[PDB]
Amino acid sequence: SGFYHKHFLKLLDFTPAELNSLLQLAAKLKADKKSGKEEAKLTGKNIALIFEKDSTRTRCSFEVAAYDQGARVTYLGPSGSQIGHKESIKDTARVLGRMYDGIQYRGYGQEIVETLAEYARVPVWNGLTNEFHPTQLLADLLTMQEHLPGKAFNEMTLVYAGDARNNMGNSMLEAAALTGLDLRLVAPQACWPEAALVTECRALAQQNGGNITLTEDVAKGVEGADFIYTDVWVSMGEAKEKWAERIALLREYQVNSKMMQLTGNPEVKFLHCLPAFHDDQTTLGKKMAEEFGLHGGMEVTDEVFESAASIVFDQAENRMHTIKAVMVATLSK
């Protein structure tokens, strides 16, 4: 409806109704692809994909969703083009807008994608920025909805442990402000999200029947949750130095078994946007695990990651249907 040629930069630029419509379209599109009745809508549209940070899911998601819908893609990865920086984003935008029908941007800081959106004159979607990550939450919302049918979002309790001031924390706030989820940010105070945003989002959440609780206590936070959610303690783009202090702060907020048990709900499902350092298998996974001693998981224990509660791969699948939905909504009819 009021989606055609709209950008998708952060969730609060949308009404509850818009978000819900979107979520509904995504769900249709998912269902259409499994039934094989997918009607391509974006045929002959060309989309540029600017990536300044790495990505497996978000990139792949944009690519297959476009290919299904009959669109083609151009991946301008981190350093390959002039956009790396040797040219204004303002110029880049004005260039790409003359050739493409839509642009994705993954990067550093909302200023960039906003500037990219003013000047491009085509829909700009936020693939993840330093502050927000709207596309993720769409997928998470739907995944939450698919695992608790017949429940409105205001009937669900979502807990987010970990670093609450990263792009994911910020995005949670927006989600709740639009859905009335009972958000619970279990984090040390040092990692709490900026208060101006909490206030705005809290006010809006309560209007819709939710409430944003922030608390350093794990035990009163996780209680009664339908979902536990967490993320890496240092995000993409933050300095390597942060690891030593972030582990120091956040390790009592690890989503472990005891953690899942303090919930009290045996039906509680775990969520994680991924990548997740859950085992002593990776490159910096093993290095961090021996050094500080996070044996068997950092933000989440490997036992919980491979638990029946873990629905992260469903969540992960839902990234692409969600993005397909955003794209057919902003580019068609």
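Don't overthink the numbering: it's just position in the shown sequence, from 1.
Stretches compared: 146-154, 124-132. Higher mean C-alpha B-factor in the entry: 146-154. As recorded in the PDB entry, 113-121 is the stretch of 157-165 and 113-121 with the greater mean C-alpha temperature factor.
The residue among 170, 230, 263, 179 whose C-alpha atom has the highest B-factor in the PDB entry is 263. When the C-alpha B factors of 205, 225, 186, 137 are read from the deposited coordinates, the top value falls at 205. Per the deposited record, the Cα B-factor of residue 85 falls in the highest third when ranked against the other modelled residues of its chain.
The PDB entry assigns residue 59 a C-alpha temperature factor belonging to the lowest third of its chain's modelled residues. Annotation for residue 270: CA B-factor lies in the middle third of the chain's modelled residues.
Annotation for residue 17: C-alpha temperature factor in the highest third relative to the rest of the modelled chain, per the entry. In this PDB entry, the Cα temperature factor of residue 239 sits in the top third of its chain's modelled residues, the highest group.
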